[PDB]
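Q: Fold the following and give me the result.
(chains A, B, C, D, E, F, G, H, I and J, ligands or ions: 8)
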Amino acid sequence: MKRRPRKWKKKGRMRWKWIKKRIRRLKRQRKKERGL
Amino acid sequence: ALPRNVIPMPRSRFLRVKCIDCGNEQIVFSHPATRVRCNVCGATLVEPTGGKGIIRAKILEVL
Amino acid sequence: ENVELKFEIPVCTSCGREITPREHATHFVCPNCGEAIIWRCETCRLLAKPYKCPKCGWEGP
Amino acid sequence: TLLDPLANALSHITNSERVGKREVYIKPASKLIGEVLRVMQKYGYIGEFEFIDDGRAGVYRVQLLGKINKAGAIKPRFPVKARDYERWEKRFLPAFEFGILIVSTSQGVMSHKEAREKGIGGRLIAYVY
Amino acid sequence: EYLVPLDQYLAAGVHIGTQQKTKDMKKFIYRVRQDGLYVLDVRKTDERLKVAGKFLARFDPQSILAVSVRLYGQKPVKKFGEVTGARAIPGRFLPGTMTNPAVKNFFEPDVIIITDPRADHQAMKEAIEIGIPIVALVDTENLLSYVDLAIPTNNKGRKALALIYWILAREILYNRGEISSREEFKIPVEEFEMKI
Amino acid sequence: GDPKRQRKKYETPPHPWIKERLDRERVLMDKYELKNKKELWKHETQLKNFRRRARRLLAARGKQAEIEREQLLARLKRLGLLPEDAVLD
Amino acid sequence: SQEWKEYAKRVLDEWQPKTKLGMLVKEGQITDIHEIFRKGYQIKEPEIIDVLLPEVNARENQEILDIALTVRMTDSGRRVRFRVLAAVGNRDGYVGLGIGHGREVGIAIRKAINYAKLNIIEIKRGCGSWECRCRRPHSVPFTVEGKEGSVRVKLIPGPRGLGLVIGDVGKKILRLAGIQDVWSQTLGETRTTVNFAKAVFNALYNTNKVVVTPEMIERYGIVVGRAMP
Amino acid sequence: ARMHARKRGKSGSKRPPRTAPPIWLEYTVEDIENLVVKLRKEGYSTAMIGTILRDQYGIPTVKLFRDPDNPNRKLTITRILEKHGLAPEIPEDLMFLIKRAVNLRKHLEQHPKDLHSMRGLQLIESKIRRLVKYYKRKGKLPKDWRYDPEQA
RNA sequence: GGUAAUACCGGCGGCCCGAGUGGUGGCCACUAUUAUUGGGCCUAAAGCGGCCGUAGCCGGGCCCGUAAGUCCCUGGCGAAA
RNA sequence: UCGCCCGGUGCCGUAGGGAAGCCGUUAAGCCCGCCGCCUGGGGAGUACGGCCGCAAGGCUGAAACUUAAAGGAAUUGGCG
Ligand SMILES: [Mg+2]
Ligand SMILES: [Mg+2]
Ligand SMILES: [Mg+2]
Ligand SMILES: [Mg+2]
Ligand SMILES: [Zn+2]
Ligand SMILES: [Zn+2]
Ligand SMILES: [Zn+2]
Ligand SMILES: [Zn+2]
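A: Numbering: from 1, shown residues only, chains lettered A, B, ... in the order given. Ligands and ions are numbered 1, 2, ... in the order given. Shown next is the protein structure:
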């Protein structure tokens, strides 16, 4: 997914393993719900 | 003086071994890669082992 | 200011490189002779380089 | 692999003399290397040198005097016109005649100070000061 | 030649070294025992003791240092200090003796004698900072870094540290006119060594 | 491209509020009673151009560089700023 | 040039010397500034310099480069400290730079000025530029460079009349040493004045590590220390 | 370093600098040419002819004598063989490499999951092609020749 | 800047340029923040997960030729402003 | 068991380099080569397009706008 290790640093954010999983769900909804 | 790193020189010699059951005189190598046998009779003179051979005759010189 | 060779600068007796104002050099009279003064720069003292007196032949540390 | 036997020599010389050595061995010995030693000698930077043959391209023994600050190779080997020397002398050397700049002119190898007397140019190969 | 007979250098153990080498000491080593323990030269210990004696007899006698932090080389430091006019500091060399003028023990020498450059490295550093020659007793394991005159000698045993300082203290007398001949030094060697 | 523009014959200071320079120029203006500052920088430039000319004829060598060298002395002493014995340096 | 020659006589009498160099200077064996340097001595009394270079304390051979105040934390507040950076030198060949600390601005300046004298060095001057080829001690005789911290400094010779075109603090240091013309090239962060100052100091010291033949001297004008006061 | 691995390694043979044959030799040039030709007809590789001359007959390398028919060149084993017509029909470097990549190619036909051996095959073929490019360039190999593995 | 403002708004002093002096937009230097001269890539931005190879750039020592690159001298040119 | 030469694998360490932590002939040193990537923090590895995969997914990859810091190596304390 071409990610950058600056974001696994957790200081003022949430975890990135869990932002990935949430971007993937939207990239799905834009695909099925008439992504054609 | 004159380090080995410039003009390298070997560590192995040419011998002038002399046979046992043949009397013949020859020249051989000290670190052979084969089985040096006599040039008339056929008995071995040196044997190949790793680094330096283990000769089996009488030496006359180191040449 | 009366420049008749007002001074000269000392040089190391092994390499010939003159000595900077504040380094850990040394000088002393030649052992075994007593007639020559011997200089050693900091870098020839640190890696122990041999010297030899310019008058007799006595050598090294 | 090996690409330049002259650069290796000049870096070896300036690395050795910086720690106090009094002899070096320039192993792969061209005659360009010998020709540049010849002009490093006439200006008083090295002592005496000899060519020793070893069956494979020969070696060079040279004695140092602790009289050089820096030596190196001008690599891309630019060309120079006979009236454009100062532009390069202001780039490599530290004052208006401090040291030599070695030039591969069409009449041999020489320092730029003797090229300006004949008025010729050529390729720059190295510099010593 | 041979300030003492060879059977007396060897009897002390001046020549016994250690199981560690160094490229600096490579000219003072002599061979290797099959045990793996190096042996020093003795002709060189002699020919260096003479030079060290006639070099030290050129300073004003109240401006010498003998130092030792080991325990076996402390009584030979005081006797050497008393026979010549030199000064001696046995025990711990507390720092700032040559650098701090705010201390009661301030003293600036002209040379300094070091028994072991490894155990006595504080005084070695303080001597580098001041620019005075250094005369040291080197063993097979030490480096010659900053040493200006070396003396190859087993500098650890108890009977060898007394034979070195004895010879050095005698030869200093013979070179400044305090003595006529070498056999006019009537002080037995046992007075130098530390008692068991 | 574009045609010729007429240019200014003086130069302003790089920073306008350096104290050790306002202090140095406040003296030359009361001693000679010049009207404004732009009247003072013009003379500084008249001098800096001479100086920058002598720096180029000093490294240079050739046939006409010689001719340009001794036209600088000739005028520079026709103007009373040098004596009759002065060399380029 | 006398007002600083009765100062020497006054100090040379009520000063009881405690090291060897002080003894030598008091007994008239050492009598010039130029012969305490290239020998490996140690300089621990500031009065070796008030007697051999008296005009070093002339209030126009002194300079205060910066004043800072710094802090350390504790369960009862903030413990504050000063830091002065000072340099001294006669404008002929000799310069020194020191720092010194305290709790007040006055004590800190005193220590700065004091330590500046003990960290003194002598340099070389000349003229090595391509444009001006005079032979006069007004600039640096050749290109030299020095470094400190994260600052890299290079100094290049320049022609006679051009100012000292270097940063804001380099002028003080270079002008106390006797230079008057230079060019410059810098890298690193030049806004930490301690490291920038110590880089310029290191360059002026490195002036005397370059090997030179006796023919270069009567081509660049190289003088060491005073050059005809 | 090595071509494919990167270990250094330094083992090799270190020769003395010398121009003329040694004094204790007694084999003249023709007595050595006959020796060189006698052994090839026992089926000996041009590398293993020199080993035997050096070990048993006591001849240090044959590159000490000049070429009898030519003062420029020096004598080499391959230049003796081509004098009699016995020299190989393909450079034997290439032949050894090609022959070693033919019984590895029938091992890899019964063990097709031996994935660590089939990398050595790719590396051998890389070497074969590196050599064919050079030989074609120097005219030792006719230009209508290609390494086709399905033959031999 | 929170009822004790050298920082806002007026008075009176002072400073910089001066027939000018300020405001908004654009390009260059500042910037070694585009790096041929002349930057970076362990922890700050940044070494492909690893290896094989086609084009291209870089290539060991000596001897004899050629004169394309390169260097010096000389004729015809590169309008005026 | 001891000594030496060559190649691998570890540690303490001179000169030197670095902002330091620390690297130091198994370089992060001084040189000669070739290729890949970097240009304040977010928006964003997103939208739109293309090529692969049976799908899950891989590879390529901007701008409107918004912000004055975001990052690194080490100090004195307070705290668990
Ligand atoms: Mg950068
Ligand atoms: Mg990173
Ligand atoms: Mg070539
Ligand atoms: Mg025109
Ligand atoms: Zn037999
Ligand atoms: Zn020296
Ligand atoms: Zn002597
Ligand atoms: Zn000048």
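Q: and the gap between the residue of chain E found nearest chain H and residue E:35?
A: Nearest residue of chain E to chain H (CB to the nearest CB) works out as residue E:23 at 23.1 Å. Just so you know, the C-beta spots here come from the backbone N, C-alpha and C atoms, and that holds for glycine as well. According to CB to CB, to the nearest Å, residue E:23 and residue E:35 sit 22 Å apart.
Q: before we move on, what SS does the residue located most distally from the centre of chain D have?
A: Going by CA atoms, centre = their mean, the residue of chain D most distant from its centre is residue D:55, 25.4 Å out. Here residue D:55 is coil, with the state taken from DSSP: H, G, I helix; E, B strand; the rest coil.
Q: ok, now residue G:117?
A: Classified using three-state DSSP, residue G:117 is helix.
Q: residues near it, how many?
A: Neighbour count for residue G:117, taken as other CB atoms under 10 Å in any protein chain shown: 22.
Q: dump the residue contacts of it.
A: Residues in contact with residue G:117 (CB atoms under 8 Å, 6 or more residues apart in numbering or on different chains) are G:46, G:49, G:50, G:56, G:88, G:96, G:98.
Q: Which ones among those residues map onto strands?
A: In strands, defined here by DSSP state E, the members of the contacts of residue G:117 are G:88, G:96, G:98.
Q: ok, which residues in chain F are in contact with chain G?
A: Proximity of chain F to chain G, by CB under 8 Å from any CB of the partner chain, involves residues F:51, F:55, F:56, F:58, F:59, F:89.
Q: Quick one, which of these are buried?
A: Neighbour counting with 16 or more other CB atoms under 10 Å in any protein chain shown marks F:55, F:58 as buried within these.
Q: For RNA strand J, state which of the residues of chain F next to chain G is nearest.
A: residue F:59 (28.1 Å; CB to the nearest atom of the strand).
Q: OK, contacts around the nearest residue to the closest one once chain neighbours are set aside?
A: Nearest residue to residue F:59, sequence neighbours excluded (CB to CB, 6 or more residues apart in numbering or on different chains): residue G:130, at 5.2 Å. The neighbours of residue G:130, taking CB under 8 Å, 6+ apart as the test, are D:86, D:90, D:96, F:59.
Q: The first one and residue F:59 touch, don't they?
A: Same thing as residue D:86. Yes: assessed by CB atoms under 8 Å, residue D:86 is found in contact with residue F:59 at 6.9 Å.
Q: Not counting its neighbours along the chain, what's nearest whatever residue of chain C ends up closest to chain F?
A: Closest contact between chain C and chain F, by CB to the nearest CB, is at residue C:3 (22.2 Å). Excluding the flanking residues, the one nearest residue C:3 by CB to CB, 6+ apart is residue G:228, at 7.5 Å.
Q: and that neighbour, what are its phi and psi?
A: Per-residue torsions, residue G:228: phi 50, psi 80 (degrees, to the nearest 10).
Q: count of neighbours near it?
A: 9.
Q: Pull up the gap between it and residue G:92, please.
A: 9 Å.
Q: next one: residue G:217
A: In terms of CB to CB, residue G:217 sits 18 Å off from residue G:92.
Q: Those two: which has the busier surroundings?
A: More crowded of residue G:217 and residue G:92, by other CB under 10 Å: residue G:92, with 20 against 16.
Q: how about whatever residue of chain E ends up closest to RNA strand I, what does it touch?
A: For chain E, the residue closest to RNA strand I is residue E:145, as judged by CB to the nearest atom of the strand, at 29.0 Å. Shown in contact with residue E:145 (CB under 8 Å, 6+ apart): C:45, C:46, C:47, C:48, E:117.
Q: By neighbour count, sort out the buried ones in these.
A: By 16+ other CB under 10 Å, these give C:45, C:48, E:117 as buried.
Q: Would you mark the buried spots in stretch E:112-129?
A: For stretch E:112-129, using 16+ other CB under 10 Å, the buried residues are E:112-117, E:119-120, E:123-124, E:126-128.
Q: Next, format those residues as JSON lines and append distance to residue H:37 and secondary structure.
A: Formatted as JSON lines, these follow (distance: CB to CB, whole Å; DSSP: H, G, I helix; E, B strand; the rest coil):
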{"residue": "E:112", "distance to residue H:37": "80", "secondary structure": "coil"}
{"residue": "E:113", "distance to residue H:37": "79", "secondary structure": "strand"}
{"residue": "E:114", "distance to residue H:37": "76", "secondary structure": "strand"}
{"residue": "E:115", "distance to residue H:37": "77", "secondary structure": "coil"}
{"residue": "E:116", "distance to residue H:37": "74", "secondary structure": "coil"}
{"residue": "E:117", "distance to residue H:37": "71", "secondary structure": "coil"}
{"residue": "E:119", "distance to residue H:37": "76", "secondary structure": "coil"}
{"residue": "E:120", "distance to residue H:37": "77", "secondary structure": "coil"}
{"residue": "E:123", "distance to residue H:37": "80", "secondary structure": "helix"}
{"residue": "E:124", "distance to residue H:37": "75", "secondary structure": "helix"}
{"residue": "E:126", "distance to residue H:37": "81", "secondary structure": "helix"}
{"residue": "E:127", "distance to residue H:37": "78", "secondary structure": "helix"}
{"residue": "E:128", "distance to residue H:37": "75", "secondary structure": "helix"}
